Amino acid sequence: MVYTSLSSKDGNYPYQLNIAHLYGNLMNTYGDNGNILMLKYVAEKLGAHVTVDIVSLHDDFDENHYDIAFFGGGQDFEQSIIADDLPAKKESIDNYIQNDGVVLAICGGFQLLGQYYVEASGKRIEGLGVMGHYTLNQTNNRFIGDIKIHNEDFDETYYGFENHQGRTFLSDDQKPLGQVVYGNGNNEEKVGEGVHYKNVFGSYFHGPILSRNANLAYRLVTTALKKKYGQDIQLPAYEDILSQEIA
């Protein structure tokens, strides 16, 4: 049963965003559900009344109802339980993604959008497969450390902390979220980090990613608003509304 985890107070909001917190119940670890609180906050500052719904186990994803979809990281066990549930949501999420729906996926979330991921032990776990990437095994070793990337298409720099066993390998039709400046990012090759499909934003960044990078928070929420309310709309400037959150 889907339920409304959060909502804006009543007020004078031009716009209306509906956020799907995919598996917020189970994928709640390492601070990364703070990303839900950052979207909400940023969306309110751009005149959106936010309504965050936990779409979780056994539920259905309404591809036509939601404007942003967030998919956090979780514990190994929880994540393999989720993996079994996912084929019910595959057609819905694919439609959402392909109709240019905005997504922010993190760690396990990111991995699970792809074809598969392999646990540290070596167990293969199938993902949605709405995307082309896979994530590979790393026995007894992690990519832990500070990290900085740059997305050449937005001339934007995102910073974070990474800590993951899996080694993600993007497909030919995917770009990374950015090129690595320092850190490991997606895999052993230290080239690319995360993903950027078409309004999908994957990453392994802890922080959480939207606290540390207000510029990505702004991009996600505006990309969503402009898609719903048309590209012509005029939103408060990045520097005007988020002045306090800018290094």
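In this text, residue numbers run from 1 along the sequence as written.
Quick one: higher average CA temperature factor, 136-144 or 109-117? Comparing averages over the C-alpha atoms only gives 136-144.
By the recorded C-alpha temperature factor, relative to the other modelled residues in its chain, which third is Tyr30 in? Answer is highest: the recorded C-alpha B-factor places it there.
Can you tell me whether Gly73 has a C-alpha B-factor in the lowest, middle or highest third compared with the other modelled residues of the same chain? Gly73: CA B-factor falls in the highest third of its chain.
Looking at the entry's B-factor column for C-alpha atoms only, identify whether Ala43 ranks in the lowest, middle or highest third of its chain. It belongs to the lowest third of the chain when residues are ordered by C-alpha B-factor.
Using the B-factors in the PDB entry, rank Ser8's C-alpha atom against the chain and give the third, lowest, middle or highest. Its C-alpha B-factor belongs to the highest third of this chain's values.
Comparing against every modelled residue in the chain, figure out the third that the C-alpha B-factor of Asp153 lands in (lowest, middle or highest). For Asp153, whose C-alpha B-factor we compare with every modelled residue in the chain, the answer is the middle third.
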